[PDB]
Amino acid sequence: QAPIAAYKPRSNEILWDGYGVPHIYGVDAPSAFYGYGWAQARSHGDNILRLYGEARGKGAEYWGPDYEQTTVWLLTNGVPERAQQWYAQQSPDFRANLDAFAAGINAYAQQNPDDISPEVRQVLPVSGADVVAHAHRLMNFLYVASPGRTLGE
């Protein structure tokens, strides 16, 4: 026995239901990732932009003292730079999906500038490397190695 016939999208569209859940249909993978980025930007734009800003090692530069410790932690551990290497080492096909995702976030911000909080606009535009950096920070330098455990705080 096999699963039910999977739907085959003929156009790119996002169908949002009553709870703000996006149902993204893409004619191909890159289009799906683009829509996903657009949806996330619409739903959690401000915080995603802030997080990507920190992953660049520019939290202190963009927002000040409250973001300085993380900046030192990420720079000392060479997170921003390693994200460049990791980004460069992505398979051609997957890197395209990462770029499309980033493009979706920029697109949303560009089309709806007044929806993005002022203090976080300076982060635009984002890129596929920013995406890799955030994932690297979250996994390796939050879940596995947290600053509190090392700094002894």
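In this text, residue numbers run from 1 along the sequence as written.
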Query raised in the report: Of the two stretches 83-91 and 30-38, which shows the higher Cα B-factor on average in the entry?
Result: 83-91
Query - Per the entry, higher mean C-alpha B factor between 12-20 and 128-136 - result: 12-20
Query raised in the report: Per the entry, which of 55, 48, 120, 103 tops the list for Cα B factor?
Result: 120
Report task. Comparing against every modelled residue in the chain, figure out the third that the C-alpha B-factor of residue 70 lands in (lowest, middle or highest). Result -> middle
